[PDB]
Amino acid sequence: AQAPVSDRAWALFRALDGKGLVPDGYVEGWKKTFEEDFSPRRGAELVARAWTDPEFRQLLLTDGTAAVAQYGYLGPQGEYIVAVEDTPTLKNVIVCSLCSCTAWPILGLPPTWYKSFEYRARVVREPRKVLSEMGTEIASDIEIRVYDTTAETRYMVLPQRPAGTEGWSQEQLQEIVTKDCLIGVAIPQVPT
């Protein structure tokens, strides 16, 4: 038996706040960071830069942390970054099977589905079926590699650049790199 979760969550806040343990504007500040600053639009920007700038691509793949720092996008749950490169024969996918670990600043906070027991249990053992069910078909000639976020490395996928985007601006490319592309469950799509 449990009190409503909202009542429990606000009780925790009020118990701490009432003892002077929570600075003024503290939880409000974090809410703003979580909602407005941490964003997959940041990851999309990094991908679009890598796609158009071979020098940055090399930096991103060899020292992810330095590359992300150049944009100012290091942060909580995103202090040590590794970007993983999709190739014509390799598809990368990220999970935290033990909880929800995610590169918050550049991917945004994880979505409900990523933290689901279904995703946490299944993607490590049957990623091809999971992606298929989610709408992404990976051919048998492509190795699927699942990165389980079990320590402090925080990952982003650098997906393949789709044909039909030749010459696009970085802004145009950013638009097709979605949160799901960064996690690795989706492949960037050229709009009709």
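Numbering starts at 1 and runs along the sequence shown.
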| property | result |
| --- | --- |
| Mean C-alpha B-factor comparison - 35 to 43 and 149 to 157, higher one | 35 to 43 |
| Average Cα temperature factor in the PDB entry - higher stretch of 3 to 11, 183 to 191 | 183 to 191 |
| Out of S116, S97, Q77, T87, highest CA B-factor residue | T87 |
| Chain-wide C-alpha B factor ranking for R125, given as lowest, middle or highest third | lowest |
